[PDB]
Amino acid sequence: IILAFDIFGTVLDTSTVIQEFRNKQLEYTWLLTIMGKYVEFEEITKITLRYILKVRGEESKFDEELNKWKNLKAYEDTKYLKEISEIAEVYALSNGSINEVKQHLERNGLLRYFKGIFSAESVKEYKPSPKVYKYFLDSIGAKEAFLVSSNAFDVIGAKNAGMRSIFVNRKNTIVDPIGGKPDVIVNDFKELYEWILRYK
């Protein structure tokens, strides 16, 4: 089986940055996509951080807060990417640039587990645009591939684009996302690994 892992919020825990910043960054990827105006992910991050800090009167904290984003830590259970990569084909599919995603994965000792890295930047539209998921599927000549994500909107995006989905329910929600039920639900990457062993 072929797995495309979302990165921010799925592999990386974004709890350590300012939540208004994390939320606004995401919002801007959506609004810019709708407006047909492509901006690189790193520039969206800079613009959103500067705006949120301005709102807060904390302009002086820019480098400090950007450093926190640079230094995001992976969830403990992501170590299971080792076991997973030996029984499944592991890719990243992120809004982040290829280079940024590689950076985070390397810092966290996870890059070695990935067969490939794909970015929404490559199609100049952000998730949940179908252009993103279809470009992944077409790139590796797949069809049956699962999008693995802890972001409800990303799971639904994948579904919409005809990709199967595995929702990694990190925040222990008990209500199904809006837009339908994911194909598979697990709580973390250990459970993901166990699921794959039972499925293959």
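Counting begins at 1, following the sequence as shown.
Enquirer: Averaging CA B factors per stretch from the PDB record, which one is higher: 23 to 31 or 139 to 147?
Expert: Averaging CA B-factors over each stretch, the winner is 139 to 147.
Enquirer: Once you work out the mean C-alpha B-factor for both 51 to 59 and 164 to 172 from the entry, which is higher?
Expert: Going by the record's values, the stretch with the higher mean is 51 to 59.
Enquirer: Which listed residue, 100, 121, 89, 106, has the largest C-alpha temperature factor in the record?
Expert: Of 100, 121, 89, 106, 106 has the highest C-alpha B-factor.
Enquirer: Would you check the entry's CA temperature factor for residue 11 and let me know if it's in the chain's lowest, middle or highest third?
Expert: Lowest third.
Enquirer: Among all modelled residues of this chain, ranked by Cα B factor, put residue 1 in the bottom, middle or top third, i.e. lowest, middle or highest.
Expert: Top third by C-alpha B-factor.
Enquirer: What third of its chain, lowest, middle or highest, does the C-alpha temperature factor of residue 43 fall into?
Expert: Ranked within chain, residue 43 CA B lands in the middle tercile.
Enquirer: In terms of the chain's CA B-factor thirds, is residue 112 lowest, middle or highest?
Expert: Its C-alpha B-factor belongs to the highest third of this chain's values.
Enquirer: Looking at the entry's B-factor column for C-alpha atoms only, identify whether residue 73 ranks in the lowest, middle or highest third of its chain.
Expert: Highest third - that is where residue 73 ends up once the chain's C-alpha B-factors are sorted.
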